[PDB]
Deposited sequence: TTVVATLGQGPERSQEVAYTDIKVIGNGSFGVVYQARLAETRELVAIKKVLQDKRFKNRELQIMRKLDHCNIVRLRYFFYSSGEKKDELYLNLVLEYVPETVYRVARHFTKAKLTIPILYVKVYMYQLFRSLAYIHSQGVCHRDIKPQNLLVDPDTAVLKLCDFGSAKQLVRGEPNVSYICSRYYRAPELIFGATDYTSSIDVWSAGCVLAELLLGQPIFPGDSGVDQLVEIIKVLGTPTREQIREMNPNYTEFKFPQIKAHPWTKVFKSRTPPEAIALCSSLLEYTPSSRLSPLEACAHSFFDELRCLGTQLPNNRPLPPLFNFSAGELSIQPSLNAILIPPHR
């Protein structure tokens, strides 16, 4: 099939595009996700859109431009039977962090620590950027992290849950994928911040170190239970920061599992340290995304001459825009290694 579509980036410029081998990759009322070939493979998300309002995902993507965010190549509209569909044509990336992790778990293997570092730096850098653009992703999970199998480039994708969190506007609590859902959301907070993304990113990191989700809850309440069996019962003051409607209950006091006893032997200490700095009950005690990029755990990526395990160059890690260097300038000396 062939269509005239609008360029994803730049001024409103039209381009005739032609695609074939259209196959459903995923269904659901959240939209339909196809894969097709243009001759490059591409992803197309078809979603029903109320004609009277802008598409939230489209506006966010047209506003982000970063090497660690999936590119919107084109978009076009469609009808069928006021029934309007928006079609987002996105850059196709062969793998996801989820697919890679499952290959390692199926093979009963551990992901090499260097790739954990390379991937998680890029996630944290991408979160720094989108947060600086006013966008909270709200669905950070391995299945939404695209990775190139060869270059180790990581791109965040699926902004269908994403939202600008405006101070004072209530937002939906039952958001994110459950294993990665921040505890304040499980407590039904509506005034949460973009630090829910950092909680989710901490869950990914732990998952890459463990070989399985850190918090595998089978329901909303069991998710809080899985978190508590690791972190211990939140204090009343932590509950107060999450949702003050719960400060007056008597929750049972469960001891924390020591962080160094949560992870396998030979897990790097700085990896454990970073996890504990991200996986904090109180949202404002979680590291900022840029703070996580500057963590000691990523020191290997800043060392002159560090290379990928398949002996290729590291992907772009230090080509910071002027905006990025303005986010938390006091980390700039750490973020930019001396050798520039």
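A.B. asks: Please report every deposited-sequence interval that has no C-alpha in the structure, sorted by position.
C.D. replies: Unmodelled stretches, in sequence order: 39-41, 85-86.
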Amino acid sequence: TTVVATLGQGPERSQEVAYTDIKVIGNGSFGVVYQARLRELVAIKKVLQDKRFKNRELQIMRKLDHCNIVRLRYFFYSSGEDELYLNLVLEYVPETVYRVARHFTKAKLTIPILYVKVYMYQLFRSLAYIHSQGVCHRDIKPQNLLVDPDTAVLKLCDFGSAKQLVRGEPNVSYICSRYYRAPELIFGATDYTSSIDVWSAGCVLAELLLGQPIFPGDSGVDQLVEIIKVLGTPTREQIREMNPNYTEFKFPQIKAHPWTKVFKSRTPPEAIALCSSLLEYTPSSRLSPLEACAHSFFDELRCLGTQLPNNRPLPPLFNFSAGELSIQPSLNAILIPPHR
From here on, numbers count along this sequence of modelled residues.
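A.B. asks: Averaging C-alpha B-factors over each stretch, which comes out higher, 14-22 or 315-323?
C.D. replies: It is 14-22.
A.B. asks: Name the higher of the two by mean Cα B-factor in the PDB entry, 28-36 versus 61-69.
C.D. replies: Between 61-69 and 28-36, it is 28-36 that shows the higher mean C-alpha B-factor.
A.B. asks: Could you check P252, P234, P149, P170 and tell me which one carries the biggest Cα B-factor in the deposited entry?
C.D. replies: It is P149.
A.B. asks: Just the C-alpha B-factor column, please: which of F159, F187, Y119, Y77 has the biggest number?
C.D. replies: In this record, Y77 carries the highest C-alpha B-factor of the candidates.
A.B. asks: Please place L84 in the lowest, middle or highest third of its chain by C-alpha B factor as given in the entry.
C.D. replies: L84: CA B-factor falls in the highest third of its chain.
A.B. asks: Give the position of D222 by CA B-factor within its chain, expressed as the lowest, middle or highest third.
C.D. replies: It belongs to the lowest third of the chain when residues are ordered by C-alpha B-factor.
A.B. asks: Sorting the chain's CA B-factors, does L301 end up in the lowest, middle or highest third?
C.D. replies: Middle third of the chain for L301's C-alpha B-factor.
A.B. asks: Tell me, lowest, middle or highest third: where does the Cα B factor of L109 rank within its chain?
C.D. replies: Highest third of the chain for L109's C-alpha B-factor.
A.B. asks: Determine, from the deposited record, the chain-internal third of the Cα B-factor for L308: lowest, middle or highest.
C.D. replies: For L308, the deposited C-alpha B-factor lands in the highest third.
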